[PDB]
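Undergrad: After the structure tokens below, expect a handful of questions from me.
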Amino acid sequence: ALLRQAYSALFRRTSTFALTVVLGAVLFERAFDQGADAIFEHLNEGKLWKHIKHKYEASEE
Amino acid sequence: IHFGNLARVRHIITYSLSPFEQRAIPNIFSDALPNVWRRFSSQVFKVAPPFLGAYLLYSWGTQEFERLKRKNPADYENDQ
Amino acid sequence: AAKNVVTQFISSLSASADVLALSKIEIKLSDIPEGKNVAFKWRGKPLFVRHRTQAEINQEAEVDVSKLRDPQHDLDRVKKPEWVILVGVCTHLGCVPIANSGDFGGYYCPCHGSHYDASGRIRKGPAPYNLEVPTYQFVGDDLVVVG
Amino acid sequence: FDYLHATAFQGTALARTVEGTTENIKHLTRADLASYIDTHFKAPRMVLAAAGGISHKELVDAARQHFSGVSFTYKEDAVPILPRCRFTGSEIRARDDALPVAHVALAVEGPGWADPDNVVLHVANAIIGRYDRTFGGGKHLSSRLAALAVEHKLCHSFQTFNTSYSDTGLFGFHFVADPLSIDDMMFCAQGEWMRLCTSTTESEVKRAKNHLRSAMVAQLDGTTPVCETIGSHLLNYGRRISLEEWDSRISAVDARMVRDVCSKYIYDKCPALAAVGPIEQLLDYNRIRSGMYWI
Amino acid sequence: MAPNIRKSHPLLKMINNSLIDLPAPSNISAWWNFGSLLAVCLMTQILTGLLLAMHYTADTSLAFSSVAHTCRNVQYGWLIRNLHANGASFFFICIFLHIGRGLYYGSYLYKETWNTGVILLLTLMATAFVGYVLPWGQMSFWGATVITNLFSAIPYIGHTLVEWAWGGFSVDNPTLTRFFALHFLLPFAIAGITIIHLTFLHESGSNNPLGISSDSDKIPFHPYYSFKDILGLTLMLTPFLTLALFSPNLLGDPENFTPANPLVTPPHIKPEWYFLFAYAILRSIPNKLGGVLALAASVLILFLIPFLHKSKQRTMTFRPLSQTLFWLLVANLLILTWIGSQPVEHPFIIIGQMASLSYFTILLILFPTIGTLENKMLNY
Amino acid sequence: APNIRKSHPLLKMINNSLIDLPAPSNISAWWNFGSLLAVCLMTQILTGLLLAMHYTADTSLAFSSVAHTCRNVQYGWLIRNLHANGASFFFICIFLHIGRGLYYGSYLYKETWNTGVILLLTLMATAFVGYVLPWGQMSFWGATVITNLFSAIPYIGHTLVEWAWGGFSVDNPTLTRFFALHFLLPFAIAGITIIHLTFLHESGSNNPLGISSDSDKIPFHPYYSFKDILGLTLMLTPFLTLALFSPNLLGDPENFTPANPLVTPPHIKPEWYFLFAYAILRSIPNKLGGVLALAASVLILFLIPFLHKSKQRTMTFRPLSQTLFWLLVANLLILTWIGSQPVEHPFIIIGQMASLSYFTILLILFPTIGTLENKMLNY
Ligand code: HEM
Ligand code: HEM
Ligand code: HEM
Ligand code: HEM
Ligand SMILES: CO/C=C(/C(=O)OC)c1ccccc1COc1nc2ccc(C)cc2nc1C(F)(F)F
Ligand SMILES: CO/C=C(/C(=O)OC)c1ccccc1COc1nc2ccc(C)cc2nc1C(F)(F)F
Ligand code: FES
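Chains J, G, E, A, C and P supply the protein sequences, listed in that same order. Per the authors' numbering, the very first residue in the first sequence carries number 4; after that it's consecutive. Per the authors' numbering, the very first residue in the second sequence carries number 2; after that it's consecutive. Per the authors' numbering, the very first residue in the third sequence carries number 50; after that it's consecutive. Per the authors' numbering, the very first residue in the fourth sequence carries number 150; after that it's consecutive. Per the authors' numbering, the very first residue in the fifth sequence carries number 1; after that it's consecutive. Per the authors' numbering, the very first residue in the sixth sequence carries number 2; after that it's consecutive.
In structure tokens, the structure reads:
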């Protein structure tokens with residue numbers, strides 16, 4: 004019963020609730036960003052510099 | 002201070018439940034939607050009419066304007 | 050949401066891309082002959098990069114100055130021997146010392162005297178400190194990246 | 150209080166008034182009354198209590214004599230356990246601006262006779278105490294809420310209560326105040342409740358216990374009140390609990406304990422509210438609800 | 001003293017008596033969400049404006065490029081620029097619904113709140129007008145030139161006021177620098193007057209969709225309307241941002257990506273969408289002065305609505321005749337808008353004169369009339 | 002409400018703060034500065050707008066745009082004069098406003114006092130950025146020297162600085178953001194001034210004797226409206242006289258020379274109103290310690306309310322405190338003077354003393370003498 008556990012540990016005391024929101028944000032950012040860039044780049048395979056970069060990055064002249 | 006001087010009220014009872022005992026969005030299909038339709042129905046004929054009458058005017062004038070750009074072959078028949 | 054938007058706006062106030070473009074300067078050491086000094090403009094002010102000959106790490110590195118004005122002890126913050134990098138601005142009243150003469154072979158600020166030896170140090174004159182030495186490196190030896 | 154019950158336990162047995170309904174009184178039958186007595190007034194569900202200068206043996210003798218009828222089946226000696234009553238965080242507001250003063254009663258669900266926590270709860274109530282405009286102590290009363298009540302003229306009176314039942318209960322407070330001071334009173338009251346869950350001092354408890362001790366002793370002043378105690382104790386605790394035992398329990402209570410017990414029953418709970426009279430200035434359940442957290 | 005420091009404190013008492021314990025009608029709809037949005041919008045425009053002003057240069061030789069430099073070089077300068085220009089639009093979309101709501105539900109009966117509302121509208125319009133000149137593109141210059149040139153049609157005091165306003169003989173640098181100053185200034189006056197707006201309002205309290213006393217059912221602004229308003233914000237904000245980030249140049253004129261040139265008049269000089277309806281009414285009356293007057297009145301007419309109320313009921317909720325007339329008026333405005341974006345040629349010219357004519361007719365004649373008629377149909 | 006001055010939501014305001022507002026019957030001329038400060042503020046804003054309309058925030062045009070304003074704009078020179086000198090008048094007035102409050106223990110009205118301090122800081126920052134606008138030599142080096150002090154705050158040093166400058170040195174990006182701040186801050190001042198007066202009105206004005214004036218209050222108008230208008234013209238005459246007859250009396254001539262990053266002026270010193278702080282700044286040789294000393298020289302004002310030990314409110318009946326007070330005032334003329342003098346003996350030591358005495362008088366002597374005085378009254 005997570006709802007119950009979560010309520011007693013996280014949402015009960017306003018002090019732990021705020022502390023939860025912070026670590027929640029910290030973790031959520033890291034995750035939301037990676038996933039977002041991952042989606043964006045995948046949708047644009049081979050068009051970004053990141054992709055065509057190898058062709059001139061120490062592989063020319 | 003506006004709470005307490007507002008109105009003279011008598012013999013009215015009200016009952017309410019904590020939000021934690023009830024459903025946030027209850028009866029979506031049996032109540033919600035039916036009313037959404039009820040509401041939509043009662044207004045459509047007051048609102049829609051003039052907007053539609055405008056779409057027409059818009060559509061006409063836009064075309065009637067383009068038509069005046071095309072040429073009338075009856076100005077170059079006596080050109081031989 | 051808040052953290053990002055606030056970040057974005059705060060960033061708006063820091064150096065723009067054009068300003069950053071003049072942040073660092075990379076000089077070619079493989080084009081500066083011995084003794085002869087060369088001045089490059091870096092961040093509006095002059096930048097001195099001299100190629101110390103043989104009689105400069107000798108005739109200007111033996112300076113027997115006890116209580117040297119500006120406490121500049123070479124081992125503290127300097128690198129390459131035949132290479133001396135300075136900010137061509139007199140610490141007196143911001144005049145650009147001339148590497149030409151210099152009563153001590155180093156530099157001379159034609160504003161109020163201030164003779165700086167060939168080590169970027171104030172000797173005879175008014176200027177209090179020694180011609181400041183900036184940040185850099187030789188990631189690519191034939192190249193020094195100031196800024 | 151009837152409205153408090155009517156809503157706190159809406160849809161259940163405890164939601165009814167003791168006097169019953171108008172319709173019932175108008176139509177109850179000679180039958181129904183007979184049926185009630187027959188169905189309910191039975192030996193295993195009764196207790197003969199006596200207090201004063203009487204001989205137990207002499208008493209029990211007389212009992213056997215006029216308390217005849219013995220049971221045959223097993224159903225006749227079975228004491229039925231009642232269907233539990235569901236508590237509901239809600240409110241009923243009976244408004245009539247023509248009434249002189251407003252009545253407000255707010256409460257959370259209590260444990261029920263059996264639970265040892267009831268001791269602590271009563272100690273708690275002892276800290277908040279009670280008050281009314283004829284208390285000579287005035288601005289010096291030890292009860293913080295009584296003090297404020299005097300300083301800011303918050304109410305005509307207020308009282309805390311820990312109404313216990315077999316399997317449930319109501320722990321709250323009730324106050325009477327002028328139409329224009331309801332808000333502040335409620336505010337200060339809920340305040341004191343939060344103080345209970347979060348900052349009660351050993352000083353406050355020391356006094357609370359002494360007040361509670363004197364209170365329990367006062368409930369045994371005469372034969373009728375001692376008889377009432379015996380009758381109820383057996384009926385509710387299945388035996389008698391002496392002043393010597395009670396006092397032990399009471400002495401065990403400390404700040405730390407009161408905080409934990411009150412937090413357990415009060416903090417972040419959905420209360421039941423009953424308001425009667427010129428109640429415009431008291432408002433929104435939501436606002437009352439937020440008063441249930443953060444000292 | 002007072003028990004809770006929210007009632008006694010000379011400042012927290014203010015935040016409280018207008019955003020926390022403030023009595024609001026239990027039934028105001030989402031059309032009552034625009035006031036807060038307008039406010040938030042305003043705070044937003046000011047913030048993004050300051051950020052842009054810190055990289056701008058009010059000079060004809062640097063204006064166009066300073067903005068280009070801001071977008072191209074400043075960290076997130078492009079984003080801040082987008083939000084500001086598009087924020088101005090959001091601002092107007094919000095303000096037009098704010099007004100609409102008020103017309104439909106008879107809020108204008110709160111005369112002072114209403115009259116200050118009108119002043120806010122005008123100030124906002126002048127603000128966007130001067131702000132539009134800042135990037136100094138072709139439309140910035142010709143819009144400025146064409147519009148400010150109308151004043152010379154005023155009698156005598158005209159030809160003067162113009163060259164006084166311009167600071168010269170034509171829209172030039174002196175005009176630009178004084179426009180930056182005004183644009184930087186007016187927003188604060190808006191904030192100022194907004195305070196007055198809310199003060200008058202609070203005397204009476206909010207009106208509500210049925211137009212009947214809500215005294216029997218008031219509720220604390222918080223959490224009811226704080227949550228409702230915050231939700232209303234995110235709801236609007238999604239399309240604002242969507243259009244902003246995915247179609248940046250949807251609303252803008254491409255003629256403004258070309259540095260102002262006094263020797264090249266653009267083919268079609270037209271304002272931003274929010275001024276089109278007024279442009280249409282301006283051009284409807286051929287005669288420099290009469291067109292100016294018609295434009296003036298198209299907005300100043302708002303000061304008259306309070307006096308052309310004849311109904312015995314406050315809102316239009318229960319007045320079917322007024323409702324359609326109302327929606328006719330709304331649709332009348334889309335038409336003027338459309339006309340405003342079309343060149344001055346048949347059939348547009350005549351459609352335009354009609355729409356204008358109908359616009360003033362509906363407000364000055366039909367509305368007051370239908371209200372009277374409706375009172376008789378209720379046997380009043 | 003019979004008279005539309007009591008009922009109207011707006012005329013009720015103008016009335017309840019300038020017409021029927023109860024004022025002590027005996028407040029002296031030292032109570033005239035609040036209104037002057039106000040009028041001054043509306044004046045600075047008006048002349049500022051007039052100048053901003055001909056200014057160009059760019060390093061290549063700043064100096065000349067101001068020159069163009071004085072030389073070509075109709076009455077541009079006059080508007081320019083009034084603005085720069087108005088900034089002085091503003092400070093002269095604000096310093097007396099403060100003194101008055103220190104002498105008559107007005108700071109006991111804590112919120113009114115704390116907002117007063119905030120107004121002072123805002124006003125100082127305002128004049129600081131405004132000074133940079135003409136982009137002369139003192140404008141550039143003043144900006145350079147002072148903003149460079151922040152890099153002395155370990156860790157986030159060079160950071161906050163290069164962030165504030167928008168680059169590696171005071172340059173164009175710094176200029177344009179300063180114009181924006183200078184155009185903005187004054188409105189915040191007006192804003193906060195409203196708050197200032199709100200808190201004040203809770204209690205009402207204090208008075209020279211420091212005793213309840215409830216037994217003798219009088220309508221702000223016509224008493225104080227006339228008294229304040231007179232107080233205005235009195236001050237205005239010298240302001241204008243000095244302005245129109247000795248325009249460049251207060252200004253540094255080094256600012257008639259376009260800023261130059263390759264030429265540090267011989268003597269970098271602020272306008273008169275900052276001198277005392279400049280003196281305390283250098284009094285402590287050690288970049289960080291000097292900054293902290295400067296900071297506290299002003300932030301100390303937030304402490305006065307807590308170092309009041311006297312049982313009487315004002316200094317009207319406390320001869321010991323009076324002289325100590327005047328010692329303090331004179332202590333400030335000294336710091337001022339020192340601030341305008343180069344860093345050389347005897348100045349350096351005179352300076353360190355005056356600084357030392359300054360904090361000593363406020364933190365030690367004042368609270369002490371007050372205690373001592375209570376016992377001399379047998380209290
Ligand atoms: C700077 C722009 C404006 C701001 C910041 C603003 C703000 C507000 C706010 C916050 C409200 C209360 C909530 C609501 O009902 O939306 C309000 C109400 C109102 N405003 Fe505005 N407003 C603005 C412009 C105007 C305009 C242009 C008009 C009309 C010409 C106006 C007319 C009203 C009226 C009449 C009300 C009463 C609403 C009611 O209760 O029926 N406002 N406004
Ligand atoms: C009521 C608030 C405001 C409105 C309606 C508004 C509107 C506008 C408009 C329409 C423009 C032209 C946008 C475009 O490029 O198409 C603009 C530009 C600008 N505004 Fe504002 N503005 C407001 C407040 C401010 C404030 C407070 C400042 C200054 C602190 C500011 C500074 C600027 C600047 C620097 C520009 C020029 C750069 C650019 O074109 O993006 N604005 N403003
Ligand atoms: C923007 C600058 C300021 C303005 C516009 C301003 C305005 C006013 C006004 C109009 C008054 C009432 C009349 C008077 O006593 O002079 C006043 C009173 C007062 N102000 Fe200020 N003030 C300013 C700055 C300050 C400062 C810097 C302080 C002190 C740190 C301060 C402290 C006070 C106090 C304590 C009073 C009470 C006066 C009394 O004893 O009755 N003010 N101010
Ligand atoms: C609290 C009010 C203000 C103060 C204390 C103040 C102070 C100053 C100062 C010290 C200067 C430099 C004067 C000089 O030596 O040349 C200045 C310049 C300037 N100020 Fe202000 N100012 C105020 C308000 C304003 C406002 C509201 C604006 C804009 C609307 C403004 C616009 C300017 C401009 C354009 C300059 C540059 C031209 C010049 O140097 O004369 N000021 N201000
Ligand atoms: C500097 O000019 C700015 C224009 C603009 O659209 O600003 C957002 C602009 C551009 C092209 C053509 C016209 C304009 C400005 O138009 C108006 N600008 C107006 C500004 C204030 C007021 C009260 C009314 C206005 N009416 C109009 C109208 F559209 F009716 F001509
Ligand atoms: C952009 O610089 C402007 C100066 C000025 O005099 O402003 C009118 C200026 C000129 C030369 C040297 C120093 C300054 C500014 O000085 C200060 N400026 C200050 C501005 C705000 C605050 C809170 C304290 C300040 N302290 C000082 C101090 F004098 F102590 F260094
Ligand atoms: S500036 Fe170099 S000697 Fe003076």
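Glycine included, every Cβ here is placed at the ideal spot set by N, Cα and C.
(1) Below 8 Å, is the gap between the Cβ of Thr70/C and the nearest heavy atom of ligand 2?
(2) Using a Cβ-Cβ distance cut-off of 9 Å, determine whether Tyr442/A contacts chain J.
(3) Pick helix, strand or coil for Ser313/A, following the three-state DSSP scheme.
(4) Can you pull the chain C neighbours of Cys337/A, defined as C-beta to C-beta under 7 Å?
(5) Since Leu231/A meets chain C, which of its residues come closer than 9 Å, beta carbon to beta carbon?
(6) When you compare only the Cα positions, how much space is there between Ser381/A and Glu168/A?
(7) Smallest Cα separation from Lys173/E: which of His161/E, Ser72/E and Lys94/E?
(8) Going by Cα to Cα distance, which pick from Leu378/C, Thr116/C and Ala88/C is closest to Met125/C?
(9) Measuring alpha carbon to alpha carbon, tell me which of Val133/C, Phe169/C, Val40/C and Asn207/C ends up nearest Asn256/C.
(10) On a Cα-Cα basis, can you pick out the residue from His159/C, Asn4/C, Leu22/C and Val40/C that is closest to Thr234/C?
(11) Can you tell me which residues form a DSSP beta bridge with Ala256/A?
(12) Per DSSP, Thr15/G forms a beta bridge with which residues?
(13) Can you tell me which residues form a DSSP beta bridge with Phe89/E?
(14) Could you tell me whether the segment 276-284 of chain A touches the segment 251-262 of chain A, using the rule of 3 or more Cβ pairs below 8 Å?
(15) Based on Cα-Cα distance, which residue from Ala181/P, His197/P and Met377/P lies nearest to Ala53/P?
(16) Given this structure, state the Cα-to-Cα distance separating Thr309/A from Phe322/A, to the nearest angstrom.
(17) Nearer than 8 Å: is that true of the beta carbon of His98/P relative to any heavy atom of ligand 3?
(18) Would you kindly report the start and end of the unbroken alpha helix (DSSP H) that includes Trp164/C?
(19) For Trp132/E, which residues does DSSP report across the bridge?
(20) According to DSSP, simplified to helix, strand and coil, what is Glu109/E?
(21) Listing by chain order, which chain A residues have their CB less than 7 Å from the CB of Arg15/J?
(22) Starting from the C-beta of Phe303/P, find all residues in its chain whose C-beta is less than 7 Å away, skip the five residues before and the five after it, and write them out in chain order.
(23) Would you kindly check if the distance between the Cβ of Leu153/A and the Cβ of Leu431/A is under 9 Å?
(24) With a cut-off of 8 Å on the beta carbons, I'd call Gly49/J and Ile55/J a contact; round off their distance for me.
(25) For a test of your reading of the model: does the CB of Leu142/E fall under 8 Å from any non-hydrogen atom of ligand 7? Yes or no.
(26) May I have the straight-line CA-CA distance separating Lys288/A from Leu109/P, to the nearest angstrom?
(27) Between the segment 276-287 of chain P and the segment 182-197 of chain P, are three or more C-beta pairs nearer than 8 Å?
(28) Measuring only from the beta carbon, is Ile277/A closer than 8 Å to any heavy atom that is part of ligand 2?
(29) In angstroms, rounded to a whole number, what distance separates the CA positions of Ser66/C and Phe66/G?
(30) What's the call for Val272/A, buried or exposed, on a 16-neighbour Cβ count within 10 Å?
TA: Based on what the coordinates show:
(1) Placement of the Cβ of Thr70/C at a distance of less than 8 Å from at least one heavy atom of ligand 2 is found.
(2) Answer yes: the Cβ-Cβ gap between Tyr442/A and chain J drops below 9 Å somewhere.
(3) Strand at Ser313/A.
(4) Near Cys337/A (Cβ distances below 7 Å), the residues of chain C are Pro3.
(5) Those within 9 Å of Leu231/A in chain C number zero; the least Cβ separation is about 39 Å.
(6) The alpha-carbon atoms of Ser381/A and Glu168/A are separated by roughly 21 Å.
(7) Of the listed residues, the one whose Cα sits closest to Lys173/E is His161/E.
(8) Residue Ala88/C is the option with its Cα nearest to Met125/C.
(9) When each option's Cα is compared against that of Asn256/C, the closest is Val133/C.
(10) Nearest of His159/C, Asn4/C, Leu22/C and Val40/C to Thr234/C, Cα basis: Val40/C.
(11) Listed as beta-bridge partners of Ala256/A by DSSP are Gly321/A and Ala421/A.
(12) DSSP output for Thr15/G lists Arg242/A as bridge partner(s).
(13) BP columns for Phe89/E point to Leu96/E.
(14) By the Cβ test, the segment 276-284 of chain A is not in contact with the segment 251-262 of chain A, since fewer than three Cβ pairs between them sit closer than 8 Å.
(15) Minimum Cα distance to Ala53/P is reached at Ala181/P.
(16) Cα to Cα, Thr309/A sits roughly 4 Å from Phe322/A.
(17) For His98/P, the Cβ falls inside the 8 Å cut-off from some heavy atom of ligand 3.
(18) Bounds of the alpha helix (DSSP H) holding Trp164/C are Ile157 to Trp166.
(19) Assignment of beta-bridge partners to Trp132/E by DSSP yields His100/E.
(20) Of the three classes helix, strand and coil, the one that applies to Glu109/E here is coil, per DSSP.
(21) Here the neighbours are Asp417.
(22) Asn115 and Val118.
(23) In terms of Cβ geometry, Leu431/A and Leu153/A do not form a close pair [threshold 9 Å].
(24) About 7 Å separates the CB atoms of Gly49/J and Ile55/J; that is less than 8 Å, so the two are in contact.
(25) Inclusion of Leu142/E in the 8 Å shell around ligand 7 follows from its C-beta lying nearer than that to a non-hydrogen atom of the ligand.
(26) If you draw a straight line from the Cα of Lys288/A to the Cα of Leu109/P, it is about 29 Å long.
(27) Contact between the segment 276-287 of chain P and the segment 182-197 of chain P is absent, with fewer than three C-beta pairs closer than 8 Å.
(28) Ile277/A: no, Cβ never under 8 Å from ligand 2.
(29) Distance between the alpha carbons of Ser66/C and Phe66/G: 41 Å.
(30) Burial call: buried.
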